[PDB]
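Presented as structure tokens, the chain that follows is alone, the form deposited in one PDB entry.
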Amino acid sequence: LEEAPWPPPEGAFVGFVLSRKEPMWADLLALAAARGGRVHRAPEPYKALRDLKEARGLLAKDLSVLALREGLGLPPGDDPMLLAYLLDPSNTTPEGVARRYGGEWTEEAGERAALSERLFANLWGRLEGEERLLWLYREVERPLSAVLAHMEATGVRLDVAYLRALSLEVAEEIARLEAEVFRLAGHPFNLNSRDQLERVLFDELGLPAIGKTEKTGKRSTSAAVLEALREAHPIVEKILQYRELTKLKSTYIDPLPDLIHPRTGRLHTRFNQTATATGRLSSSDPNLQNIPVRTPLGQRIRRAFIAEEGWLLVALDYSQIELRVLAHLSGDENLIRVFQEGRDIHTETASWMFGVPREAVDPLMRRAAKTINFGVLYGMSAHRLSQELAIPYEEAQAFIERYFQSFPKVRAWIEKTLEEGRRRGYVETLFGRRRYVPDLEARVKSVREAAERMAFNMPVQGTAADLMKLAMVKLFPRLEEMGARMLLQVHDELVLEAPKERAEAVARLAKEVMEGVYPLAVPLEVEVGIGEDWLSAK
């Protein structure tokens, strides 16, 4: 490419180099653009951002987030990564996409701009005739990248002082647990080392091994194994408690306070758009899609996520979403009637599990039933189910039997999805998002059947992800008009932030947009709460 002076013409593709992967924290080291056989390198990258109409190129959203951080309303446009991801969701990195579609991902801005132009040309042509993937690109993924850019630059408020005080209380309890574990072991050791713990439990103590680890075949110390040994020795229960507290302290309580941005005073995640095999987003740096909620301590951590003063959080979450999606995809009349009657399969499975009336099912029980309902749907074995519920093997076998007997067209849909996946080489969502599963033809049964579980899960999980994305695209402009903020997406949930006096109107509107995103054979019901913290809004 011929070198030309900054600025570039309108519509040029950008390349850029960040001091680090996280756009909210990175220095903009270099900026360049390419168009019409020329490359334009910016002498002063920061000031040079003001010359761009949009961020068009590889990782476009990252540059848009950095621009918004600096007060510049630079939206992301075309991104070859999104094209590649729609053609094959194993296209997750610029390194791989470049090698695959005609370039090399380097560390120079000008070459990255030239690469973005070359890759877009080639990838755009590969989507000729792919009407459904083209619709997903233009109507979902490309506009969604702008929504996510704004969400990333906005962040969420965190009660730092609260978490600092919580850390000290948890530290004292961890001390009580480890000191007890060492007394029971007869000697201290590194309780964070699963190798050392393995030797204590199975060699020094006389506990029987239950399972082995995957890659190295060590005697497992997993929670599932410890639960099986809960009654064999009093050290086991303490280890499980130590694990819970240290997991939450090391992963949330201690690190999150240190990630508050100095200018915004809020916590900023990255919403990765080309990271999963199914079409889901992921969240990283930090991951805000796995904040605790299940245990008492976890709920205390979730309470640290708060609204700006004078505002409230609004949390919306699709009801039984993948089961509703399954009803539409499979057309099972029995499953459709379930939701047309307003029933709750999680609460009903819970009622059976704990032998109590539906009105007596608490959230803890219902959450456990959610795990059972989807575990069985996507292929959980009777053996594992019998151990999860502490019931005889024959009773777990009977539950799985009635589960599918209740919804006969589900098995039919699974078989048809797998047969089509073998012929075409891929499975697809309701909107045509595809995942290639070559191991459906594997000649090793264990491999083939693992691929089968991956394969018929994807249309269900992926359709739910398609629906959530489309709802975000529809909802975002309405929230801007209302002066509200979209903060987080957690797969089938949105967390919004609204002025207190508008919180109710925002909650009603967001609920209606999400429930009407795309009418199916069953209604899509959305549960909504409002509160000053994330837990309260649930």
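All residue numbers refer to positions in the sequence shown, first residue = 1.
Same protein, other form: the form deposited in another entry, not shown, and the subject of what follows.
S.K.: In terms of the two rigid parts that describe the motion between the shown form and the other one, is residue 155 grouped with residue 214?
M.R.: Yes, since residue 155 and residue 214 both fall within one rigid part of the motion between the shown form and the other one.
S.K.: Taking the cut-off of 3 Å or more as given, in which direction does the distance between the C-alpha atoms of residue 332 and residue 348 change in that other deposited form, closer or farther?
M.R.: Closer together, which means the C-alphas of residue 332 and residue 348 are at least 3 Å nearer in that other deposited form.
S.K.: So the C-alpha spacing of residue 352 and residue 330 changes by 3 Å or more in that other deposited form; is that change toward closer or farther than shown?
M.R.: Result: closer.
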